[PDB]
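So you know, we letter chains A, B, ... as the sequences are listed, proteins then strands, and number each from 1.
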Amino acid sequence: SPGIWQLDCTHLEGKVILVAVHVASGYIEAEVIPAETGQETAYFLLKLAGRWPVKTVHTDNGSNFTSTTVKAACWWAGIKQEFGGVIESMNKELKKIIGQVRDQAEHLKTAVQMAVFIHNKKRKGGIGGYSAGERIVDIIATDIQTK
Amino acid sequence: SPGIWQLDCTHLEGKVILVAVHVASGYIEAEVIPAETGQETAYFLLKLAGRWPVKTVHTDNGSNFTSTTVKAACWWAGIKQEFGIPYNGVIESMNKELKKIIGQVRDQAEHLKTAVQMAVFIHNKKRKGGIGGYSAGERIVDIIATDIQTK
Amino acid sequence: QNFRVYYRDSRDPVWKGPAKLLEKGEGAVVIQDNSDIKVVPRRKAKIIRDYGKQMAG
Amino acid sequence: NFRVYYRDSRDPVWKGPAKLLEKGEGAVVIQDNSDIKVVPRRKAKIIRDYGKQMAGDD
Ligand SMILES: Cc1nc2c(c(C)c(C)n2Cc2cnn(C)c2)c(-c2ccc(Cl)cc2)c1[C@H](OC(C)(C)C)C(=O)O
Ligand SMILES: Cc1nc2c(c(C)c(C)n2Cc2cnn(C)c2)c(-c2ccc(Cl)cc2)c1[C@H](OC(C)(C)C)C(=O)O
Ligand SMILES: [Mg+2]
Ligand SMILES: [Mg+2]
């Protein structure tokens, strides 16, 4: 549960955005990639797995996610792949924020990182509200203590 | 204190590696950037600030770190910049171990940027002292988690 | 204050800033950099808000 | 502990993951879907779970 991620590709302004969502927290990481290829997807995964404890990734049957480069990265990093709606709901919120801040950036990739920033740090409103960035840190912290 | 980061640029095989180290934990984030410019540094910073609480960045007076693009990114993300005093290294301690791991796994990757991300992986998961110790990735999570509980 | 402007003067390619915003017109931006009023085309002006700071804490 | 990816002769599509059987001086013996092949060391990318060994969790 602490290491379950959903990955998918979305498209804006002719560019390819690779999105990773931590399922249990809603925390997201996203970046424009130069092409929707397995080579770029694998490099994305190696970065992600070196920063968060990635144990399982859920993707569709896209060619980039079934590539030999991605399967090798998952073998090297110890990631289990699963090709069987949190990402769609969270990505709809990412597209919402990208449109909010689009005029603040020249390049789309800059707006994407601005939107990722806002998404992960925006606290929930009421009593005891926390952000997605705070939720994933808490989830990983408690899993480490229960060694 | 939990949001203190040190950033510096290092070079390998003719390429520019931008390194960010979380001071309180030794957790590092590194990536090959196409040029040692403020434009690439600023994009690196916005990515980092969206992932971790980055409140203060310690850098030297390199042109990329003193650039207008970097200062604009810190103003947008609310990051305080702390440039070093000219004429004079905690990042060097972790950067020395970074180059050591890059050389250990360099043959495992065709591109240097892949070897760099492999080294970041191993550095952040390596338990300090031994199997009975903790890693940099666990230390930064513990530091941030307990800091969240304060407020 | 929440706005900081970066701009280019003349054909000097290096960007100057931060300057204070006064009005973002259609094809021109009015700024003041250290008691010096300047009128810069919208193309040569980049306005940066502390938007991420206002959405974090 | 070891997986190998390879290309057959004059075939640009990479094959794998193949199960490594033995490693020679400049060649490896691997098994891809119950088919055993001998691929040169030049056209072979050998990937071990090096990162998985430094990460103890499942
Ligand atoms: C393309 C770009 N050029 C910029 C700036 C700024 C402030 C200046 C003056 N310039 C001109 C320039 C180019 N080199 N130098 C030395 C000066 C920014 C920017 C916009 C918003 C934030 Cl918070 C931070 C930076 C960007 C952004 O791209 C990244 C990848 C982020 C750099 C973008 O997409 O708008
Ligand atoms: C350049 C490269 N090509 C690779 C692989 C693999 C396994 C194959 C078969 N190929 C040929 C290929 C290229 N596209 N496709 C569709 C097949 C890897 C690799 C090496 C180690 C790990 Cl753990 C993971 C991937 C890389 C690495 O680069 C990244 C950026 C990581 C992809 C690198 O730098 O070695
Ligand atoms: Mg898809
Ligand atoms: Mg330096």
Do other residues, nucleotides or ligands put more than 12 heavy atoms under 6.0 Å from D:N33 CG? no
Quick one, B:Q104 and D:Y50 - any side-chain contact, counting heavy atoms below 4.5 Å? yes
Which value, rounded to the nearest 0.5 Å, describes the distance between A:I127 atom CD1 and A:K124 atom NZ? 11.5 Å
We want to know whether D:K37 and D:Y6 form a side-chain donor-acceptor pair, criterion being a heavy-atom distance below 3.5 angstrom. yes
Salt bridge or not for C:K46 and A:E106, using N-O below 4.0 Å? yes
Near D:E25 CD, under 6.0 Å, is it more than 12 heavy atoms from other residues, nucleotides or ligands? no
Roughly how far apart are D:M54 CE and B:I101 CD1, rounded to 0.5 Å? 9.5 Å
Which of parallel (below 30°), tilted (30 to 60°) and perpendicular (above 60°) describes B:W5 and B:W52? tilted
Are B:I144 and B:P53 side-chain neighbours, meaning at least one heavy-atom pair lies under 4.5 Å? yes
Within-4.5 Å side-chain heavy-atom neighbours: D:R48 and B:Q108: yes
If we only count heavy atoms from C-beta on, is the D:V39 to D:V4 side-chain gap below 4.5 Å? no
Which pair of non-hydrogen atoms, one from A:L108 and one from A:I98, has the smallest distance, and what is that distance? CD1-CG2, 4.1 Å
Is it true that A:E31 and A:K47 have a side-chain N and a carboxylate O under 4.0 angstrom from each other? yes
The reported gap from CG in B:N64 to OG1 in B:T69 (rounded to nearest 0.5 angstrom) is 8.5 Å
How many angstroms lie between atom CG of B:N61 and atom OG1 of B:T66, to the nearest 0.5 angstrom? 7.0 Å
Would you say the side-chain atoms of B:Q6 and B:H22 include a donor-acceptor pair closer than 3.5 Å? no
Should we count CZ of B:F83 as having more than 12 external heavy atoms under 6.0 Å? yes
A:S25 and A:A132 have their tightest heavy-atom pair at O-CB, 3.7 Å
Between the side chain of A:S89 and the main-chain N/O of A:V86, is any donor-acceptor distance below 3.5 Å? no
According to side chain to side chain contact (heavy atoms under 4.5 Å, CB included), who are the partners of B:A73, at least two apart in sequence or on a separate chain? B:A42, B:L46
With no hydrogens and no angle check, do the side chains of B:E36 and B:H11 hold a donor and an acceptor under 3.5 Å apart? yes
Centre of B:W76's six-membered ring, under 6.0 Å away, within 45 degrees of the axis: is that where NZ or CZ of C:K53 sits? no
For D:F2, does the six-membered ring have the charged nitrogen or CZ of D:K23 within the cation-pi criterion, i.e. under 6.0 angstrom from the centroid and within 45° of the normal? yes
Applying side chain to side chain contact (heavy atoms under 4.5 Å, CB included) between C:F3 and each of C:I48, C:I47, C:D50, report the one that passes. C:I47
Could you tell me whether the side chain of A:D8 and the main chain of A:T59 form a donor-acceptor pair under 3.5 Å? no
Does any N or O in the side chain of B:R139 come within less than 3.5 Å of the main-chain N or O of B:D142, such that one atom is a donor and the other an acceptor? no
Quick one: do the B:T114 and B:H111 side chains pair a donor with an acceptor below 3.5 Å? no
Keeping the roles fixed (side chain from A:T68, backbone from D:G16), state whether a donor-acceptor pair exists under 3.5 Å. no
If the threshold is 4.0 Å, N to carboxylate O, is there a salt bridge linking C:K16 and C:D33? no
What are the two closest non-hydrogen atoms of D:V38 and D:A27, and how far apart are they? CG1-CB, 4.2 Å
Quick one: closest heavy-atom pair of A:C74 and A:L45, and the distance? SG-CD1, 3.9 Å
Using every non-hydrogen atom in the two residues, find where A:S67 and A:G38 come nearest and quote the distance to one decimal. OG-CA, 3.2 Å
Do the non-hydrogen side-chain atoms of B:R106 and B:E13 ever get within less than 4.5 Å of each other? yes
Under 3.5 Å, is there a donor-acceptor pair linking the side chains of B:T10 and B:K99? yes
Is it true that B:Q117 and B:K113 share a donor-acceptor pair across their side chains at a distance under 3.5 Å? no
Between B:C9 and the options B:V19, B:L18, B:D60, the side chain to side chain contact (heavy atoms under 4.5 Å, CB included) test singles out B:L18
Sole candidate of A:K55, A:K80, A:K147 that passes salt bridge (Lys or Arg N to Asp or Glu O under 4.0 Å) when paired with D:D57: A:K55
Do the side chain of B:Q81 and the main chain of B:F65 share a donor and acceptor less than 3.5 angstrom apart? yes
Got D:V29 and D:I36 here, is their nearest side-chain heavy-atom distance under 4.5 Å? yes
Looking at A:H119 and A:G26, would you say the former's side chain and the latter's main chain have a donor-acceptor pair under 3.5 Å? yes
I'd like to check B:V21 versus B:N95 (side-chain heavy atoms, cut-off strictly below 4.5 Å). Are they in contact? no
Is there side-chain contact between B:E97 and B:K126, with at least one heavy-atom pair below 4.5 Å? yes
A:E88 atom CD, over 12 foreign heavy atoms within 6.0 Å: no
Donor-acceptor contact below 3.5 Å, side chain D:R7 vs main chain D:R10: no
Quick check for you: to the nearest 0.5 Å, what is the distance between A:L48 atom CG and B:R51 atom CZ? 9.5 Å
Nearest 0.5 angstrom please: D:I30 CD1 to D:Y5 OH, how far? 11.0 Å
